[PDB]
Amino acid sequence: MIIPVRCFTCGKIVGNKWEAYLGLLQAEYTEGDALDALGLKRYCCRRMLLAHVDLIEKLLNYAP
Amino acid sequence: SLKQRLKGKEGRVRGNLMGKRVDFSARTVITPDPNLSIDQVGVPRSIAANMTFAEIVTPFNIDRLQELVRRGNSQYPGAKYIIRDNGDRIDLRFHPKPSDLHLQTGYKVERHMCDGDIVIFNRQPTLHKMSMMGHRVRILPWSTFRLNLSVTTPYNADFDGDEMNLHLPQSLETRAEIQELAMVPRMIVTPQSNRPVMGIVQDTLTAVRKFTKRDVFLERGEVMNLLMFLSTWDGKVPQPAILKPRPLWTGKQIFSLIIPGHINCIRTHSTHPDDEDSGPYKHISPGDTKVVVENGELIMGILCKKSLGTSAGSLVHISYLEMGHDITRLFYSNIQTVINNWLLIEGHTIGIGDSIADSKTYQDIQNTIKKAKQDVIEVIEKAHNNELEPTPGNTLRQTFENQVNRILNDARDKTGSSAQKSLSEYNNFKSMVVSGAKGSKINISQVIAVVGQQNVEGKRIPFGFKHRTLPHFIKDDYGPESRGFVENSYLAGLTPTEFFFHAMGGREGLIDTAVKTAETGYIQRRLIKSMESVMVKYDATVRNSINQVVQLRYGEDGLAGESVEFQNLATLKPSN
Amino acid sequence: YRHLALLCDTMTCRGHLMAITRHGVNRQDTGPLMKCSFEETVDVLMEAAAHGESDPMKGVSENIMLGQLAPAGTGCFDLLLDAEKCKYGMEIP
Amino acid sequence: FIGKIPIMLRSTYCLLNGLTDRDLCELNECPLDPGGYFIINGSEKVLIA
Amino acid sequence: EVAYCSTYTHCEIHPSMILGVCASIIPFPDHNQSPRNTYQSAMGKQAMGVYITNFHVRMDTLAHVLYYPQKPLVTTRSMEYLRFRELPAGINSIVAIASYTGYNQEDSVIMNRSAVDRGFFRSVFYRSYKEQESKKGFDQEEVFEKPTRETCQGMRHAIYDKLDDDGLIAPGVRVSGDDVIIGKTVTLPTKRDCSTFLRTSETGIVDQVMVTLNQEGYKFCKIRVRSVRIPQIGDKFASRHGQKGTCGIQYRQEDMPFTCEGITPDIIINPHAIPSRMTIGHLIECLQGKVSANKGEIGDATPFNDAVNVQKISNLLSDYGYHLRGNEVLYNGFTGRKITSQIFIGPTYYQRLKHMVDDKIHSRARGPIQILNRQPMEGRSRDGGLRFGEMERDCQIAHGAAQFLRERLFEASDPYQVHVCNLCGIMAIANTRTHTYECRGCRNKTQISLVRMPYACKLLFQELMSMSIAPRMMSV
Amino acid sequence: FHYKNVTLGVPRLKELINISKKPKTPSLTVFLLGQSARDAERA
Amino acid sequence: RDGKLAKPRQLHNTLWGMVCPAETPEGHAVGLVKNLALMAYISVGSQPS
Amino acid sequence: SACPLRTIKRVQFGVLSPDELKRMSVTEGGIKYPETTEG
Amino acid sequence: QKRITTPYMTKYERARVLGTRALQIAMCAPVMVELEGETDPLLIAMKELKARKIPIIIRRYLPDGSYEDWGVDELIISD
Amino acid sequence: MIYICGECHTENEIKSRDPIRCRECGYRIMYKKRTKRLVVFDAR
Amino acid sequence: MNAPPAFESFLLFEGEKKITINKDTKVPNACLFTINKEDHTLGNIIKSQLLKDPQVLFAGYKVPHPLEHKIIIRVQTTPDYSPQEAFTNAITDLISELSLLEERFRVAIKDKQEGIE
Amino acid sequence: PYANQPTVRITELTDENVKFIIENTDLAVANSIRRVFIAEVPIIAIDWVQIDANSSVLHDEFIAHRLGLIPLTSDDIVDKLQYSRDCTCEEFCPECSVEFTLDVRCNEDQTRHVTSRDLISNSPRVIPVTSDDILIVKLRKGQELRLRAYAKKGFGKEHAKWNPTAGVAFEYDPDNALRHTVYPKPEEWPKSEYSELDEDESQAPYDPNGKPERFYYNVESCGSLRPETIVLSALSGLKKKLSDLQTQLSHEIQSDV
Ligand SMILES: [Mg+2]
Ligand SMILES: [Zn+2]
Ligand SMILES: [Zn+2]
Ligand SMILES: [Zn+2]
Ligand SMILES: [Zn+2]
């Protein structure tokens, strides 16, 4: 649905990073390059962005 | 009609009268607890509060009872209802104030269930007395039933959503008899097999084998923690196995402390060699096999699944014979607690690398498979020539199939030996196999070398298509892969044709197991109803309900089934 | 061996081969209440009333149906409290 | 009039088929939802082969 | 080559295509045991995941939704076709094969409390209750209105204050379990009221309240309650490779063992389980999952593709600088000392099972009994006594504990007292006020005696007397 | 199925529980008192 | 489902490419319920005229 | 209550006589009305 | 003696006697053996059985119906 | 009392014991308005 | 309650006593110290200091149940020496080491606020 | 019977992370301090959330859980703020709690994204740590979300959100002279970053007597509290726990005599 605020293992904030990660995906950086641009050296922090799927946009499309 | 009103299954005369739902019964998911004692069973606080035991007022304990009356339907320790001498029942919650009501001698107090109460703990289906074992109530905050690892082996319940039922006796006599006959430490042994039904859990058993390895050294601080955990510890530290470099205790020496009193037991090692006993140095035991326990101390060898297993002559069985059931229950708890503390420091692991083998071993496995396939081709061509002659009383086609199967079997055995040679003491998979707690040598052969022939109903896969098992195969194909033989290990991966044949083997196995359970249960139910009447009288003659004698003495020996143990006469076997 | 020996001995106790089946239980010296618990209650009870037959109550099932303790272990013997042993006793408040 | 025949969802006769994803969003019907189930008394029933 | 045939009429498009949608989700199925793949097909159907994107628009009873659904790190190409990625039923969890406090033994999974606090594996539950006004007769019309003690003959002790004037609870309020959520009054020639109660311990805030005309046209109201449930030790979590188990225990991140990096595995599984089920694929997937996270590209789990080999994945891990086997040195959290044996750790996709401990737990004490047979019956709490099995009674006979067996058989259910004379086996009329009972026909008070037998047995004896066969009870 | 044809396992136990005039695969092992048992040709 | 006959329950060679062997519900009846292969399509059928 | 509590030694089954049934029957003169209650 | 029935108390007899003695203590039976600061009736009952001071005589029923009377002191604890 | 019509996204009061309908929308489906009272929650 | 509250785990009740004195007759001058509502972190540090002390013959720290919050520490000393004195000495040594470490860390940050350069 | 004198050397000092090495100290002391930084150091995070009305797709409970996880600056007022239960003042007030109020309405056709920066705090010192902005929820056109929240002081043990630091890296004895961990193949294993082992030397030679020393600790923080400040606070907190235990023991011995 929406990115979790904190990484499941470290507790480092991932919610702010997700908007930056989407911008890196929009830019030349690939999914691996975007994680390198973030500079996370721990797989758990990289995994949260890589495995996350945004279903919030689908919910927004439906009329309220 | 009135005759129609009388009914059998789901009927008042039979279904309701013979079996009826019982109050004071609690059901919830079960989770294992190593720390909890074997008698103790974890109970959720909410279930414990709902369950109640009627208690006669006693002058010595009146102060506790009045406190329970003061807190009604609020605190966990409280009385939901009070029964007066008249027998009228009063609700504290409905009554405006609990304090105004006054307790009198002989009043009945519905105290909520508390730790130390005795309950009957049973699995949802009971096929034997061992399934139903009396347990001591213990309270834990979470809503789950917590039971010791040792009690799990008689229950035989895997912890995947499984649930169990506990019933609380409301009568002093019923509670006392349940303690005398159904207590879990008393039921550790089984009369039918004359052996304990309780065996060390696989995680503890593999750790025990690693703990009893010769190359185990423990620091003084680590040993002090193990002594603190041991209930059997007498508060006196044993002299260290190694003294001058630093105080050190061997794992076998720490296990000797766990063993209670002075029980003497000898158990053959799981990997113990018959050749070693015939050969010299049998007493020396170079392989550390031939486990021997003397004066309640492990002296030599490595403890194995057989030594701590649910079998006659086991070290736990010897503890039951001399130390007694209560001490044996403490011994089971002590082994688990010490093993867990040692296990976290030692560590346990499994990996693809343990499954993987050296390339030279893989090349050897490929060579034997190639030779077997060539031999099968030679048999097929000879059969077409008709050089092969049918064995008497057997079809030529059957003999040709049997000989091809023999070639596959010998090759699979050779690949299996290559898989065993690749395994090393460092390798985790070999260590689990050596303990025997989990895994098997045959499982290793499937994992590293050849899974083996896949068959349905013990016969090679038939040709569903005309003359062909599959469209990809040619007509009249006698190739081993066509007949479902699998020469590929699980780690290597399975070809789609092999995978389909493997699925057929899995499907047939699944059907037989499900059908078998229903049939065995049905026949057992008829047998249990038929033999329930038979019983032993005061004179010790076994008799039916009619009282016609079945046997003059029980078992033809007039002795308990558990008491008899295997012994060697050593008179008839030697020459005159 | 004791469990195996008992199963053959009870089967051969009659002196004829009998299968463990409902029909085999139906031909027995057991009382009508046991037959009533076996789903043949209507026929046996009419026959018992006509012949004035009386249930023995030997079976454990007959006792449990009436709510009496089954005649198993812990039920056959009856205790007999004795005053002479009671006389050397200490009263408690 | 002969009678009323229940209509399988996402069938050509059914209104949902032939509608764009935006039209489905207005009707609160998911484009992802497979369909193929008859609706009887406001419940989902699918025939089994 | 020496092919079986050189003129094949047709060729398979792909070997993996034959596998079904449930089979495809499992990674490396061929490496895994064939029965284990079958078990996971059942697990995938009962896995808890959002059924459809517009879950809110449709009110569904027992609906299961996932707080943070995540795509698997390793995905089969077939999985994309069934759109499993679009609506995932599981969240990836780091997994280590190790033995710690012994809670993990016998298919139990250790879990991180800190991850549960962050909302990992958290789920949303929706339950819908629907009530329609009934008008079988004009006097039997059942309008929905708030129940009041003065106007209602059958009003329950539970307060009706939560219910609105319409008799329908307001949306957005939090209602405790076993509390009335719908109030209806049936006209009485005052008027008795029919009230529907919440499931016990539902603890669910009302998501929305809907009032609409029914197909019949009678007033129809649907109430949906939403309850948020965190992961629990009782709750079962299932691994993708045919593994299912309850959570053994939950520990704090400091309590959980930590690597040199300090990463702590979300879920810890016993090492013994993997050899018994021979799940070779699960170990490969754990290696692939760590490789995929470092690589930054999603792994392929197709079984017959043969794109990735165990050695190739190990070589990729060595390139990342991680050990090729994937074993990592770990420190016991409490000791702070590096563990003697390195533990292999790899992320494994995990799907939460539908079964939950909270629904399963139930206990009954002094519950209301049915008038016809005096049998124990479930109350509004919905908790009922467990039936005593016929086999369980036989086990008690083998134990020799006759008193306990008698207590469950007679005292626990329908205990009754009857009066009979020695000769006459008829049910003598009993008057409590007189305290004297008389077998009618012989007018006897000396012969009368008190016998305790089950109420079901007493009524059965009366039915036999109606059939003209009289059971006769004699003291001698 | 694994052993000619013999009845073993739970079905054989079921045959003991319910007596059957004919077993599913009846067979009797035969031993010879005469010297024929010792030598294959006489057997 | 009650019937225990082995031949209907057992997987067959012709089933290849038409059904998924792994996708079978476990229980008293094994393999009685099957799911068709994704490539496999049930034919609507055509007039023979 | 006042009546003593004792176990039943034996149970005997015999046909129930109509004459004894009439004596123990609660109703006198039988039931002459099919309706459960007139009003 | 000349009794076929064993002089030693049977395990079933031991269970009933311990339950009966415990039942008496909870009711408020005078204690033949003083309790060692025990509020649990079962614990006192087991010590009373070891003392053999319990006032209980057990009647054993033979198939012919002959009765054998054994005092708690005469009976030997099975355990 | 007050009810919300989903089709036209407007709130129209519905009389008790009166057939449900919407003014100028002809909609018989109504949703009760959110309660005025505020329910506290725990961030944990 | 099915889930224990977090505040209760670290907070002792008024009736509960933080430290309990127990006497062991198994060995001379052996005293058992039990601390309720205590995390594993405090117990590990106390046991190591007691092990370092020559006077303390036996130092053992264990947790009876993980779900329960409690630590049990056993101290054995020479008959002339007192076990309670050893326990207090271990606490003082730990406090002295921590205070010196805190001063050194504070000096180190002051030395390089912007780093070495 | 006297504690050894510890020596502290700081490899790196930065807001994002602090790397420090402590030598001449016991392994148990090194492990205890590492655990203390993660759970014994208090931070200010939202504990109470009340939503007057919710129109967002996410339910009110979902929004409340996200708000608590979001970090709030606690560098100087963690000591100044008091636990609401401990303080005798009203539970909702400025001294013991920080009030956060967010009201967001989207009238544009484009969805408006709610951010942590949007939250308004009565106390300036406690603020959402924004320099990007964390996305709490996305609001569709015509949807308004209004909520009132209060932030209460708590340490890591109480909740994961209250923990003030990310995962802390602790390692010691990179060369395996102690042989605490034994590798079946030393060459396959990669050498540690702090390892002094040469490329030729796959593993360190075993030493009969070894002392754990030169422990390496790296602390990474959200930035609400400085990582070096967290270490200084942790050392005082562990010392306070020992002092409280000594005070309890002194009272207990006084009661005995
Ligand atoms: Mg199971
Ligand atoms: Zn992370
Ligand atoms: Zn009479
Ligand atoms: Zn409208
Ligand atoms: Zn305040």
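Residues numbered from 1 in each chain as written, not as in the entry; some residues may be left out. Chains lettered and ligands numbered in written order. Part of a larger assembly, values for the part shown. Heavy atoms only, no water. Residues with missing side-chain atoms left out of burial classes, pairs and counts.

For this structure, the PDB header gives the title as "TFIID-based PIC-Mediator holo-complex in fully-assembled state (hPIC-MED)".

Caption draft 1: Molecular detail of the overall build of chain H. Within chain H one finds one helix and one strand. With respect to the three principal axes, the spread of C-alpha positions in chain H is 45 × 30 × 15 Å. For chain H, with 39 residues in total, the buried portion stands at 21%. Within the structure as shown, chain H displays about 3200 Å² of accessible surface, and the carbon and sulfur contribution to it stands at 57%. Of the side-chain charges in chain H, 6 are positive and 5 negative, and the distance between the mean point of each set is 17 Å. (Helix = DSSP H or I, 4+ residues; strand = E, 2+ residues; numbered from the N terminus. Buried < 20%, exposed > 50% of the residue type's maximum accessible area, 1.4 Å probe, protein only. Areas by Shrake-Rupley, 256 points an atom, 1.4 Å probe, with all protein chains shown as cover. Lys, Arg positive; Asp, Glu negative; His and termini not counted. Charge placed at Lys NZ, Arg CZ, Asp CG, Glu CD.)

Caption draft 2: Focus on the coordination of the zinc ion (ligand 2). Residue and element names in this part refer to chain A. Coordination of the zinc ion (ligand 2) by the protein involves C7 (SG), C10 (SG), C44 (SG) and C45 (SG), with metal-donor separations of 2.3 to 2.4 Å. Motif for the zinc ion (ligand 2), donor spacing along one chain: C-x2-C-x33-C-C. Of the two residues, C10 is situated in the segment before α1 (15–26) and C44 in helix α3 (residues 43–51); the sequence distance between them amounts to 34 residues. The pair formed by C10 and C44 is uniform in burial state, with each residue classed as buried. (Donors = N, O, S within 2.8 Å, 3.2 Å for Na, K, Ca; no water.)

Caption draft 3: View of unusual backbone geometry. Residues and elements named next belong to chain B. Of note, the phi angle at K290 is positive, near 55 degrees, even though the residue is not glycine. Inspection of the secondary structure assignment puts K290 in the loop between α10 (274–278) and β17 (292–294). Among the residues examined, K290 registers a relative accessible area of 16% and is labelled buried. Even without being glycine, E457 reaches a positive phi, approximately 55 degrees. In this structure, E457 sits in the loop between β20 (455–456) and β21 (459–460).

Caption draft 4: Region of interest: the interface of chain B and chain E. Contact residues are listed per partner, giving 107 residues for chain B and 104 residues for chain E. Of the roughly 9600 Å² buried at the junction of chain B and chain E (both faces included), carbon and sulfur atoms supply 62%. If you sort the residues of chain B by the area they bury against chain E, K20, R21 and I352 of chain B come out on top, with a joint share of 9%. At the surface where chain B touches chain E, the tally comes to two salt bridges. At the junction of chain B and chain E, the tally comes to 39 residue pairs in polar contact. (Contact = heavy atoms within 4.5 Å. Buried area = accessible area lost by both parts, 1.4 Å probe. Salt bridge = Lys/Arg side-chain N within 4 Å of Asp/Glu carboxyl O. Polar contact = N/O pair within 3.5 Å; in protein donor to acceptor, adjacent residues only side chain to side chain.)

Caption draft 5: Representation of the nonpolar core in the model. Judged by nonpolar contacts, the single largest core of 242 residues is most densely connected at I46, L50, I73 and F87 of chain K together with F20, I46 and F100 of chain L. In terms of residue count, the dominant contributor to this core is helix α3 (residues 83–111) of chain K (11 residues). Inspection of this core shows a minimum of three residues originating in each of domain 1 (1–42 + 161–257) and domain 2 (43–160) of chain L. When neighbours within four sequence positions are excluded, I46 of chain L is seen to be in contact with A43 of chain J together with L67, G68, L72, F100, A149, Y150, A151 and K161 of chain L. (Core = buried A, V, L, I, M, F, W, Y, C linked by side-chain atoms within 4.5 Å. Domains from an automatic or database assignment.)

Caption draft 6: Structural context of the interface of chain B and chain I. Taken together, the contact between chain B and chain I spans 17 residues of the former and 25 residues of the latter. Here chain B and chain I share an interface that buries about 1700 Å² over both sides, 70% of which is from carbon and sulfur atoms. Its largest share of buried area at the contact with chain I, chain B owes to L172, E173 and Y538 of chain B, together 40% of the area lost on that side. On inspection of chain B and its partner chain I, the count reaches one salt bridge. The shortest N-O distance in the salt bridge between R186 of chain B and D79 of chain I comes to 3.3 Å. Taken together, chain B and chain I are joined by four residue pairs in polar contact. Grouping the amino acids of the side of chain B that touches chain I by side-chain chemistry returns six nonpolar, four polar and seven charged. (Nonpolar A, V, L, I, M, F, W, Y, C, P; charged D, E, K, R; others polar.)

Caption draft 7: Spotlight on the pattern of salt bridges. Residues and elements named next belong to chain E. Applying the stated criterion to the full structure yields 99 salt bridges over all chains. Residue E131 is joined to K184 by a salt bridge in which the shortest nitrogen-to-oxygen separation is 3.0 Å. Highlighted residues: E131 in strand β5 (residues 123–132) and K184 in strand β7 (residues 180–185), separated in sequence by 53 residues. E131 sits in the partly exposed class, given a relative accessible area of 21%.

Caption draft 8: Quick peek at the coordination of the zinc ion (ligand 4). Residues and elements named next belong to chain J. Protein coordination of the zinc ion (ligand 4) is provided by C5 (SG), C8 (SG), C22 (SG) and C25 (SG), with donor distances spanning 2.3 to 2.8 Å. One way to put it: the four donor atoms around the zinc ion (ligand 4) meet at angles of 92 to 130 degrees, and that makes the site tetrahedral. Sequence spacing among the residues donating to the zinc ion (ligand 4) works out to C-x2-C-x13-C-x2-C. (Tetrahedral: all angles 85-135°; square planar, octahedral: opposite > 155°, others 65-115°.)

Caption draft 9: Structural detail: the sheet that holds strand β3 (residues 43–53) of chain L. Overall, antiparallel pairing links the five strands, which are arranged β4(J)-β3(L)-β8(L)-β4(L)-β6(L) in an open sheet. Both outer strands of the open sheet, β4 (40–42) of chain J together with β6 (120–121) of chain L, are each paired with one neighbouring strand and no more. By the bridge criterion, three bridges tie β4 of chain J to β3 of chain L in an arrangement that is antiparallel. Opposite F41 of chain J, over in β3 of chain L, you have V49 of chain L as the bridge partner. With respect to the sheet, helix α2 (residues 60–69) of chain L is in contact with β4 of chain J together with β3 and β8 (143–154) of chain L, its orientation differing from that of β3 of chain L by roughly 160 degrees. (Pairing = 2+ DSSP bridges. Axes fitted to C-alpha atoms, helices over the stretch in contact; angles between N-to-C directions.)

Caption draft 10: Representation of a negative patch on the surface within the structure. Residue and element names in this part refer to chain B. On the surface, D375, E378, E381, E387, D410 and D413 cluster together into a negatively charged patch. Those elements that provide at least two residues to the negative patch are α15 (359–385) and α16 (396–422). The leading source of residues in the negative patch is α15, at three residues. When you line up the elements, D375 lands in helix α15. What makes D375 partly exposed here is its relative accessible area of 33%. (Patch = residues over 30% accessible without salt bridge, like charges linked within 9 Å, V, L, I, M, F, W, Y side chains within 5 Å.)

Caption draft 11: Here's a closer look at the pairing of strand β9 (residues 132–140) of chain B. Residue and element names in this part refer to chain B. Counting buried residues in β9 gives eight out of nine residues, a clear majority hidden from the surface. Note: strand β3 (residues 40–44) against β9, five bridges, orientation parallel. Across the sheet, the residue bridging to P44 is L140, located in β9. Strand direction decides the pairing type here: strand β8 (residues 118–123) and β9, joined by five bridges, are antiparallel. Bridging across to β9, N122 finds its partner in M132.

Caption draft 12: Representation of helix α2 (residues 41–51) of chain I within the structure. Taken as a whole, α2 of chain I has its buried residues at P41, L42, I44, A45, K47, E48 and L49 of chain I. Just downstream of α2 of chain I lies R52 of chain I, where phi reads positive at about 75 degrees.

Caption draft 13: Structural detail: the packing of α16 of chain B against helix α18 (residues 441–448) of chain B. Residues and elements named next belong to chain B. Closest axis-to-axis distance for the α16/α18 pair is 8 Å, and the angle between their directions is 95 degrees. Comparing their axes, α18 and α16 come out roughly perpendicular. Facing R412, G416, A419, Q420 and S422 of α16, the residues of α18 in contact are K441, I444, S445, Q446 and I448. In the contact of α16 with α18, the residues fall into three nonpolar, five polar and two charged. (Parallel < 35°, antiparallel > 145°, perpendicular 65-115°, else oblique.)

Caption draft 14: Representation of the sheet that holds strand β2 (residues 67–71) of chain I within the structure. The strand order across the open sheet formed by three strands is β2(C)-β1(I)-β2(I), and the pairing between neighbours is antiparallel. A strand with exactly one partner marks an edge of an open sheet, and here the two such strands are β2 (78–79) of chain C together with β2 of chain I. Note that β2 of chain C and strand β1 (residues 57–61) of chain I share two bridges and pair antiparallel. Looking across to β1 of chain I, one finds that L79 of chain C is bridged to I58 of chain I.

Caption draft 15: Main features of the state of the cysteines. For the coordinates displayed, the defined rule picks out two disulfides over all chains. One disulfide bridge connects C421 of chain E with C424 of chain E, the sulfur atoms lying 2.0 Å from each other. This pair shows no difference in class: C421 of chain E is buried, exactly as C424 of chain E is. Its relative accessible area of 7% is what places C424 of chain E among the buried residues. With no disulfide partner, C25 of chain D has as its closest neighbouring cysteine sulfur the one in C30 of chain D, 7.7 Å distant. With no disulfide of its own, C260 of chain E has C10 of chain A as its nearest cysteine by sulfur position, at a separation of 14 Å. (Disulfide = S-S within 2.5 Å.)

Caption draft 16: Examining the packing of helix α12 (residues 315–322) of chain B against helix α13 (residues 325–346) of chain B more closely. All names here are of chain B. The N-to-C vectors of α12 and α13 enclose an angle of 145 degrees; their axes lie 7 Å apart at closest approach. Of the two elements, α12 crosses α13, and the hand of that crossing is right-handed. Contacts between α12 and α13 pair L315, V316, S319 and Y320 from the former with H325, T328, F331 and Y332 from the latter. Within the contact of α12 with α13, the residues separate by chemical class into five nonpolar, three polar and no charged. (Left-handed = near helix turned anticlockwise from the far one by under 90°.)

Caption draft 17: Representation of the environment of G27 of chain G within the structure. Here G27 of chain G is to be found in the loop between β1 (19–20) and β2 (35–36). On a C-alpha basis, the gap between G27 of chain G and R1 of chain G in space is 9.3 Å, while along the polypeptide they are 26 residues apart.

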